[PDB]
Protein chains: 2
Amino acid sequence: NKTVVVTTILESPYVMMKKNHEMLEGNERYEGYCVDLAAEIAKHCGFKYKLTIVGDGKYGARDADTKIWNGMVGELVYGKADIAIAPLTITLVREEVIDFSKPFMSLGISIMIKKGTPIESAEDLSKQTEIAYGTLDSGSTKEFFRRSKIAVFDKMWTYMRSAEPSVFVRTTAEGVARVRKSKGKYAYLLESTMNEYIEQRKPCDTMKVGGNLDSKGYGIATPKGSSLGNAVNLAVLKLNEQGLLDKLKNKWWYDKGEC
Amino acid sequence: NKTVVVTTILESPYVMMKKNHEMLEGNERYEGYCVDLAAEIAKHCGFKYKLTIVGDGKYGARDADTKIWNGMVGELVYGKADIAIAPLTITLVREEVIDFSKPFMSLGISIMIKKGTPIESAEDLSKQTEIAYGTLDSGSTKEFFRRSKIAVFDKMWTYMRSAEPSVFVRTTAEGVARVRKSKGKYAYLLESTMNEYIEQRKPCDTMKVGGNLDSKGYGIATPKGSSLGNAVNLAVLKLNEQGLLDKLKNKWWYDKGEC
Ligand SMILES: N[C@@H](Cn1c2c(c(=O)[nH]c1=O)CCC2)C(=O)O
Ligand SMILES: N[C@@H](Cn1c2c(c(=O)[nH]c1=O)CCC2)C(=O)O
């Protein structure tokens, strides 16, 4: 009945503007894993949709003072969008305010190092300072450390807040560039699937090391109580059971791997 | 207000009767990952509960003719139980009739072989018949092959239905015993976490080989629309974010590993 407003965020390889986007229009201007996923969900559910980019460039958190939700979660909470399709982590605080489909992708926080860096685990990082390490300055990865009550991760958080120069980065691109240019003196903590994607990108100078720090999942989000939630969740399960989600990851991660 | 009726199934290491169960009573007669998980969920949600064992020993499927749901899913569908806490796979057909929490455990179908068996992948199995291979005769693993439209898995299903003697087993214990006694001539297809658990059990003669065939998750189930669903889902997310689910797996899988 009404075109579905999808909120998403520019982040390779999930959503990217095509090289020739200036000659294109509407949803066709974009490409990537989430662009393909959105089309698949829309096809299965039978709805038309419009891809829009989240205004504040955030995933979703609530300001402790104003109690206002930002990011894509906020767009859903305040009715600015009907669905969020992005690498959005399912978390308890977000679950309380919006609906989430079952996971369409599994991941965990992981360590990205420049090849040759003498680090094999989070415990290794926590015990030293010569090799700096940090996370994005917004998002679930940062929140994991900030809220952790596990000794090793809490120590890492205390290290991150007090380390100089700042170990935080504004974007994935910045984090990756920092690892690449720091001669092994910076390790980036990020979600495993992003680590995996970057490991297959030229100059092929990074790698994922150690096991993941946690086990989470990305889910499609809708406003709490939205009648679209049920259908979208069944669509995700259908796509997974058909093997289409695995094919989608292979397409954007490995089929054209550069290493 | 009312004691919550939990339905579960005997399956190591999820639910097992304690060695001294005859001297015990109620929930204390049982031990295992799901017994611990049920206690944790009940603690977080603030409810009292009773562990009961599913009468028909099945997880949950709908008879094509009678349209009746069996297993733990059926107990929920027909109101015989309030919640199912077991290694129950989240699937589309089940999702349509009952509510599921987000996954508390991730897994995928995998291959279990006797050490020394010349098999490294499902494709390897599909191309031959000397080494027989099968699944449980009920459940999601069998259903994966029966419903698959992927060439390799459909070929494997056609092989399973026509292979002699029957390659199907009634229980995990039977499947494991068959692998152990078949001198490398039987490979068992089962959920990865069970494969991992068995690999750390004496006689230490089995091993998990190749990558998983799919990526799924186990979820806590409740009757559709149950007011208990929300709280239970938040409890699962809370336990995961606290690191308790990882600790629980380590406790029942590796802390006392025998290999
Ligand atoms: N998934 C997180 C957002 N996020 C993302 C990446 C990461 O490494 N860390 C992180 O917090 C890469 C893609 C998105 C959220 O939902 O806040
Ligand atoms: N999880 C499946 C049940 N199930 C289980 C195991 C397996 O290897 N295969 C399988 O189908 C081991 C534990 C339970 C379902 O929900 O039907």
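By convention in this document, chain letters (A, B, ...) are assigned in the order of the sequence lines, proteins followed by strands, and residues within each chain are numbered from 1.
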Should we count CD of B/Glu120 as having more than 12 external heavy atoms under 6.0 Å?
no
Side-chain contact test, heavy atoms from C-beta onward, threshold under 4.5 Å: evaluate it for A/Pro103 versus B/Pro103 and give yes or no.
yes
Quick one: does any side-chain atom of B/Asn240 pair with a main-chain N or O of B/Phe104 as donor and acceptor, under 3.5 Å?
no
Student check: side-chain heavy atoms of A/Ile83 and A/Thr7 closer than 4.5 Å
no
First locate atom OG1 of A/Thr89, then atom CG of A/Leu107, and finally report the distance between them rounded to the nearest 0.5 Å.
5.5 Å
Indicate whether the side chain of B/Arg94 and that of B/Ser140 have a donor and an acceptor atom separated by less than 3.5 Å.
yes
Nearest heavy atoms of A/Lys202 and A/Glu258, plus distance in Å
N-OE1, 2.8 Å
Quick check: closest heavy atoms across B/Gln200 and B/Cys259, and the distance to 0.1 Å?
C-SG, 3.5 Å
Applying disulfide bond (SG atoms under 2.5 Å apart) as the test, list every pair that has at least one member in residues 74-177 of chain A; sequence neighbours left out.
none
With distance as the sole criterion, is a donor-acceptor pair present between the side chains of A/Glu11 and A/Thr171 under 3.5 Å?
no
Dump the intermediate steps for side-chain contact (heavy atoms from CB on, under 4.5 Å) on A/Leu190 and A/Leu136, then the final yes or no.
CA-CA 8 Å; A/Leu190 77 174; A/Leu136 282 161; over 6 Å; no
Please report the C-alpha distance between B/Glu196 and B/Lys249 in whole Å, then the side-chain angles of each, then the deciding distance to 0.1 Å, and finally whether the side-chain contact (heavy atoms from CB on, under 4.5 Å) criterion is met.
CA-CA 11 Å; B/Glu196 299 173 324; B/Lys249 184 177 180 184; 2.7 Å; yes
Short question: side chain of A/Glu199, backbone of A/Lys208 - any donor-acceptor pair under 3.5 Å?
yes
What residue pairs, at least two apart or across chains, pass side chain to side chain donor-acceptor pair (under 3.5 Å) with a residue in residues 17-40 of chain A?
A/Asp36-A/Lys251, A/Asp36-A/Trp252
Under 4.5 Å between any side-chain heavy atoms of A/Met156 and A/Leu125, yes or no?
yes
Would a 4.5 Å heavy-atom cut-off, applied to side chains only, mark A/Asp82 and A/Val6 as touching?
no
Closer than 3.5 angstrom, by distance alone: can the side chain of A/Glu95 be matched with the main-chain N or O of A/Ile90 as a donor-acceptor pair?
no
In the structure I gave you, are the side-chain heavy atoms of A/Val93 and A/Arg62 within less than 4.5 Å of one another anywhere?
no
A/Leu189 side, atom CG; A/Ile109 side, atom CD1 - distance, nearest 0.5 Å
7.5 Å
Mind running ring-ring contact (aromatic ring centres under 6.0 Å, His included) on A/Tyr133 and A/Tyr186 for me, showing each step along the way?
CA-CA 5 Å; A/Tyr133 56 98; A/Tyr186 184 75; 8.5 Å; no
So does A/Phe168 get a backbone contact from the side chain of A/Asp137, meaning a donor-acceptor N/O pair under 3.5 Å?
no
Any ion pair linking B/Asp214 and B/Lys216 (charged N to carboxylate O, less than 4.0 Å)?
yes
Output the distance between atom CG (A/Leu10) and atom OG1 (A/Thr172), rounded to the nearest 0.5 Å.
12.0 Å
Beyond-backbone contact of B/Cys34 with B/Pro87, side-chain heavy atoms, under 4.5 angstrom
yes
Value for CD1 (A/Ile85) from OH (A/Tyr14), rounded to nearest 0.5 Å, stands at 14.0 Å
Are more than 12 heavy atoms, taken from residues, nucleotides or ligands other than A/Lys142, located less than 6.0 Å from that residue's NZ atom?
yes
I want to check something: taking the side chain as every heavy atom from C-beta on, are A/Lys48 and A/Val4 in contact at a cut-off of under 4.5 Å?
no
Sidechain N-carboxylate O distance under 4.0 Å for B/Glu241, A/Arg147
no
To the nearest 0.5 angstrom, please state how far the CD1 atom of A/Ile53 sits from the CD atom of A/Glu75.
9.5 Å
Before giving the answer on side-chain contact (heavy atoms from CB on, under 4.5 Å), spell out for A/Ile113 and A/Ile131 the whole-Å C-alpha distance, their side-chain angles and the decisive distance to 0.1 Å.
CA-CA 10 Å; A/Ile113 57 164; A/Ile131 300 172; over 6 Å; no
I need the minimum non-hydrogen distance between B/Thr222 and B/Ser226, along with the two atoms involved.
CB-CB, 4.0 Å
Examine the side chains of A/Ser12 and A/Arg201 and answer whether a donor and an acceptor come within less than 3.5 Å of each other.
no
Spatial distance of atom CE (A/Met105) from atom OG1 (A/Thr193) [nearest 0.5 Å]:
4.5 Å
Verify, without hydrogens or angle tests, whether A/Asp99 (side chain) and A/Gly225 (backbone) share a donor-acceptor contact under 3.5 angstrom.
yes
Side-chain donor or acceptor of B/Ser192 paired with backbone N/O of B/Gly108 under 3.5 Å
yes
Answer yes if the side chains of A/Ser138 and A/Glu143 hold a donor-acceptor pair under 3.5 Å, and no otherwise.
no
Pair A/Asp205 + A/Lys114: basic N to acidic O under 4.0 Å:
no
Distance only, no hydrogens: is a donor on one side chain within 3.5 Å (strictly under) of an acceptor on the other, for A/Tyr59 and A/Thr91?
no
Under 3.5 Å, is there a donor on one side chain and an acceptor on the other for B/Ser110 and B/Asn195?
yes
Go through the steps for A/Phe100 and B/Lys102 under the test side-chain contact (heavy atoms from CB on, under 4.5 Å), then give the verdict.
CA-CA 9 Å; A/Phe100 273 117; B/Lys102 295 301 186 291; 3.5 Å; yes
Give the minimum heavy-atom separation between A/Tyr159 and A/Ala132, together with the two atoms involved.
OH-CA, 3.1 Å
With a 4.0 Å cut-off, would you call A/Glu96 and A/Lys224 a salt bridge?
no
Look at the rings of A/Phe47 and A/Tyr49 and say which category their plane angle falls in: under 30° parallel, 30 to 60° tilted, over 60° perpendicular.
perpendicular
Taking the side chain as everything from C-beta on, heavy atoms only, tell me whether B/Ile220 gets closer than 4.5 Å to B/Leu37.
yes
Please report the closest heavy-atom contact between A/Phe153 and A/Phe145, naming both atoms and the distance.
O-CD2, 3.7 Å
Shortest non-hydrogen contact between A/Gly184 and A/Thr117, atoms and distance:
CA-OG1, 3.4 Å
